[PDB]
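Each of two forms of one protein chain follows alone as structure tokens, named structure 1 and structure 2.
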Structure 1
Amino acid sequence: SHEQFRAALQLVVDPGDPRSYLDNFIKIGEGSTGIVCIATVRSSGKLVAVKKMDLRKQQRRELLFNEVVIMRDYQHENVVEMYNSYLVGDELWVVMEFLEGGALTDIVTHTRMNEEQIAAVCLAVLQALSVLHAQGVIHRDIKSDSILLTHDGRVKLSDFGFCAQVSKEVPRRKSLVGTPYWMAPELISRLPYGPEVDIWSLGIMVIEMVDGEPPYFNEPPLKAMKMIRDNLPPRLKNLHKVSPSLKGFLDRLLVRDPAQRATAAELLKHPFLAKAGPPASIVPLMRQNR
């Protein structure tokens, strides 16, 4: 039943109608299902990012709860800050921080990040997942699309709609969730995965940074998934452009056996990351510079 779902969500959103304190809506996106917009908090003149999800169009509607789970988190400096959530009409509205630098994806598919920048980005994404795996939170949809930027190179993880909660009574999961191309092998396989799948996906994302696209990017999302399950871990198209160190870091990530795949905890010290450049290194990467 819809109305019972709505009711249940009603209990987790802030009450009321933010349509009353916001204006200058500017559409700019498509993800989850439903739009990303930008608006101006009337009271302060400040900019937010408003994400609207129709409750009627969702693959698994109760994944909607998860969204709002990262309330008041961390508030982590590498996590997109959420401010509020409302129910409005037949939609969920999440009102969060505005990330004026756009996503990483545009960068990954228009330029060639050098390793100082790769490092940086992984630094900030790891510094993030560590905390999350620590308090049980899986993300489940890591990719360049899910990474966000500021006009000054601060990097923040985002798009938490797919994430999951785990404790020691309830550690593992089974759900097929994620973007095909980036899914950890156990997950296509359907197995009792944990946080470690975030590590796998980041490796695919490193490929993004390096090569511009993920493995098997042209293959039907369907059959590319098999390749990701049977196959020996994927070629880096431009391996010759990358330092042994980078490939050595990457090797800790793309292990077919999850037990051997490194943890963010492990990874945060692996020497490659000594390469990580300041936020200001990322700036000439963003569209404006070019």
Structure 2
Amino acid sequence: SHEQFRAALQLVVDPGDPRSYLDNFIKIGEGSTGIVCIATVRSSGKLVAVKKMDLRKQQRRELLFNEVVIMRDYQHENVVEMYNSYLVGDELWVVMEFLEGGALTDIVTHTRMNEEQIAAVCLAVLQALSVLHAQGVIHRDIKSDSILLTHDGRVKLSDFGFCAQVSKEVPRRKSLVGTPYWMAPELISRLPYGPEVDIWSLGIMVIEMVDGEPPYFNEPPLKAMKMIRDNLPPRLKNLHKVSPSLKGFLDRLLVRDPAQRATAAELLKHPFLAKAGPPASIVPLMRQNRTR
């Protein structure tokens, strides 16, 4: 059953051992589903990132199929590129493009972005979500650790370990998948749910960027899940330290009623996103830049 599951994965990953073509593996990070190293391609000296995920250590093993099939050849500007997947021992390795500037999380916990920078982030995420959502692709793990930056301050979405495929004919999902604090309420109450959860989650990430943490962060995960289910959408604490455009934008995102919650393609037309700075307005936020 392990052995069966390993066999099935072999059939969908690229053949070969990537240790043949890659060196200098160095752990630089962790997810729930596994670890992240950097490596270097033998032939060219180019750098890549590599997710290793132990097949025996997953909360839900079969999710491991999602990323490797769904993003197989997909190539958007605001999405991280997957190059290749391999099965190495009892681990799945996914070779990806390496992003220099690290994740949004580091920025959101060490500093308070202005609204131009916040817009820049949301604009980029939404582009990604527009194209993705239109292909029946739910990410289901939008949060600040899923957002990566280039050294020049461009923004890409990552962490497709939890994504899903919907279709015209079979519409909703019901499974409880995500990171608790960022979960949409209908997902928590395992009612039929769809793309719109990503929009809610982006809502929470906007509260991360403003208040420094998602709602209920101080609480244990299972309780928090219950609380998001039972309560009404969370309000900003910094109500007055923010602008009408942003507040307006937020209220389109943090709607309980999925049917009334906005869509990505809608939200691109939102005026708030017209404050979005260029890539270069993100760069002073990065670890290497903000402390002199």
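Note that the rigid core is defined as the largest set of C-alphas that superpose within 1.5 Å between two forms. Only residues modelled in both forms are compared. Residue indices: 1-based, along structure 1.
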Worksheet entry | Out of 106, 73, 152, 213, the residue that alone shifts its CA by 2 Å or more between the two structures when the rigid core is the reference | 73
Item to complete: Fit the two forms on their core, then tell me the C-alpha shift of residue 32 between the two structures in angstrom.
Response: 3.4
Discussion item. Core superposed first, then measure: what is the displacement of the CA of residue 14 between the two structures, in Å?
Written reply: 0.3
Discussion item. When the rigid core is overlaid, by how much has the CA of residue 237 moved between the two structures, in Å to one decimal?
Written reply: 1.5
Practice prompt. Return the sequence-ordered list of stretches, each of 3 or more consecutive shared residues, in which all C-alpha shifts are 2 angstroms or more between the two structures following rigid core superposition.
Written response: 32 to 34, 69 to 74
